[PDB]
């Protein structure tokens, strides 16, 4: 699995802040927009993009405050990410798109799709954000960790001071052993502790046990939209997973309209790091059927 990031930097001014993005492939079709989550960047798509780039334009932004994008003084609430991603999409003059989304990137993607349904021609997704009614519906072995994350004193000591989301949570979400070189790519944006705000706010925005109520409502709304939409859907899943267990993936494949599910093999949260070639090749094949 490739550790390099052989992509020229592209930058666009978005609400007065510079955002970085990968942009490769031809301008003669429908672009494919790749959205990463927490605590990753466009680096997470590095081995998937090469399967798609020969036939379709691949656009992979770094969320505001992450990757090579600027780091404004924000709270980095989901509202901030929604605002900046909305403006990113408009700054690139995108019309219709295909979405490839993961983790907090899936919340952005589904929320954008709900509000712009005529402009989404397909959604590939994996390990995505859905409402978590109670802490019993959160993964058993990550309950104590994320409960600790969702506090001001303990959570910030862990995530901001000790950088545990990068040093611990990230590699623990990959079944195979992430290499030092790969870890260093993921570490790059957060070498300064003050820049780790998004890493702590994100888990505090997760819709768990009815809080934060506004996120729970937003996520419920786009899940309702997804269940009602005829848009082509491609769901990647792994065993045992984290956000999406195998049993949930099978249920979603039946319940969501026009949905194909693909087993990547062993996987936790960062499925892209465990089977990029299958994810890439299947997206490429799926795109040709659209």
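Numbering follows the first chain given and starts at 1.
Undergrad: Is the mean CA B factor in the deposited entry higher across 229 to 237 or across 32 to 40?
TA: Comparing averages over the C-alpha atoms only gives 229 to 237.
Undergrad: When the Cα temperature factors in the entry are averaged, is it 149 to 157 or 181 to 189 that ends up higher?
TA: It is 149 to 157 that shows the higher mean C-alpha B-factor.
Undergrad: Among the choices 60, 252, 63, 48, identify the one whose CA B-factor in the record is greatest.
TA: Largest recorded C-alpha B-factor: 252.
Undergrad: Highest Cα temperature factor in the entry, among the options 102, 81, 130, 114: which one is it?
TA: Of the candidates given, the C-alpha B-factor peaks at 130.
Undergrad: By the record's CA B-factor, is residue 143 among the lowest, middle or highest third of residues in the chain?
TA: It falls in the top third of the chain.
Undergrad: Taking the chain's C-alpha temperature factors as the reference, tell me which third residue 171 falls into: lowest, middle or highest.
TA: Middle third by C-alpha B-factor.
Undergrad: Among the modelled residues of its chain, does the C-alpha B-factor of residue 210 lie in the lowest, middle or highest third?
TA: Top third by C-alpha B-factor.
Undergrad: Could you look up the Cα B-factor of residue 136 in the entry and say which third of the chain it sits in: lowest, middle or highest?
TA: Its C-alpha B-factor, which the entry lists for residue 136, ranks in the highest third among residues of this chain.
Undergrad: For residue 22, does the deposited CA B-factor place it in the lowest, middle or highest third of the chain?
TA: Lowest third of the chain for residue 22's C-alpha B-factor.
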